[PDB]
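A short worksheet on the structure shown next.
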Amino acid sequence: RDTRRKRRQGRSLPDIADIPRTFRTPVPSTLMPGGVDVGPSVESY
Amino acid sequence: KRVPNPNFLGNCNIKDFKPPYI
């Protein structure tokens with residue numbers, strides 16, 4: 001509905017105000033910080 | 001009862017083969 005009014009006064013573009021954040025779904029990785037510890041273990045059992 | 005995987009420190013499957021003079 002913003003674009004519904006770009007055409008009316010335009011008859012007569014990226015939003016730089018909305019700066020997104022970087023949340024990331026964690027990779028299933030054991031060692032690396034930022035990832036869940038599912039899967040094969042550190043000990044070999 | 002634990003069972004060690006082949007990726008355990010000292011539980012490899014590649015056994016050390018000995019030379020004939022030894």
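Simple scheme: letters A, B, ... for chains in structure tokens order, numbers from 1 for residues in each chain, numbers from 1 for ligands in the order shown.
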Please report, as a Markdown table, each residue of chain A lying at most 9 Å from chain B, together with the nearest pair of atoms and the separation in Å rounded to one decimal; use only C-alpha atoms, and order rows by chain and ascending residue number.
```
| residue | atom | partner | partner_atom | distance |
| --- | --- | --- | --- | --- |
| A:43 | CA | B:8 | CA | 7.9 |
| A:44 | CA | B:5 | CA | 5.1 |
| A:45 | CA | B:4 | CA | 4.8 |
```
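Interatomic distance, atom CA of residue 19 of chain A against atom CA of residue 6 of chain A: 21.5 Å.
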Might you pull out every residue within 9 Å of residue 38 of chain A, with only C-alpha atoms counted and same-chain residues fewer than 5 positions away left off, and present them as number ranges by chain?
A: 28-30
Distance in Å - atom CA of residue 26 of chain A versus atom CA of residue 40 of chain A:
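For atom CA of residue 26 of chain A relative to atom CA of residue 40 of chain A, the distance reads 16.0 Å.
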Go ahead and compute the interatomic distance for atom CA of residue 3 of chain A and atom CA of residue 16 of chain A, in Å to one decimal.
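Pair atom CA of residue 3 of chain A / atom CA of residue 16 of chain A returns 16.0 Å.
For chain A, backbone-based DSSP assignment of alpha helix (DSSP H) covers residues 3, 4, 5, 6, 8, 9, 10 and 11 of chain A.
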Next, dump the selected residues to file, keeping only N, CA and C atoms, as a tab-separated table (two decimals), in the first residue's frame.
```tsv
chain	number	residue	atom	x	y	z
A	3	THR	N	3.46	1.29	-2.11
A	3	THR	CA	3.59	1.35	-3.56
A	3	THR	C	2.29	1.75	-4.24
A	4	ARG	N	1.15	1.55	-3.58
A	4	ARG	CA	-0.12	2.04	-4.10
A	4	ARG	C	-0.20	3.56	-4.13
A	5	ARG	N	0.64	4.24	-3.34
A	5	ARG	CA	0.70	5.69	-3.38
A	5	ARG	C	1.93	6.24	-4.08
A	6	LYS	N	2.90	5.38	-4.41
A	6	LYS	CA	4.01	5.83	-5.24
A	6	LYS	C	3.56	6.13	-6.66
A	8	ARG	N	0.36	7.35	-7.52
A	8	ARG	CA	-0.62	8.44	-7.64
A	8	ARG	C	0.06	9.79	-7.76
A	9	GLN	N	0.97	10.11	-6.85
A	9	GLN	CA	1.74	11.34	-6.96
A	9	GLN	C	2.89	11.21	-7.95
A	10	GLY	N	3.27	9.98	-8.30
A	10	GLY	CA	4.22	9.78	-9.38
A	10	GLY	C	3.59	9.96	-10.75
A	11	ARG	N	2.27	9.77	-10.85
A	11	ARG	CA	1.56	10.12	-12.08
A	11	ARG	C	1.58	11.62	-12.31
```
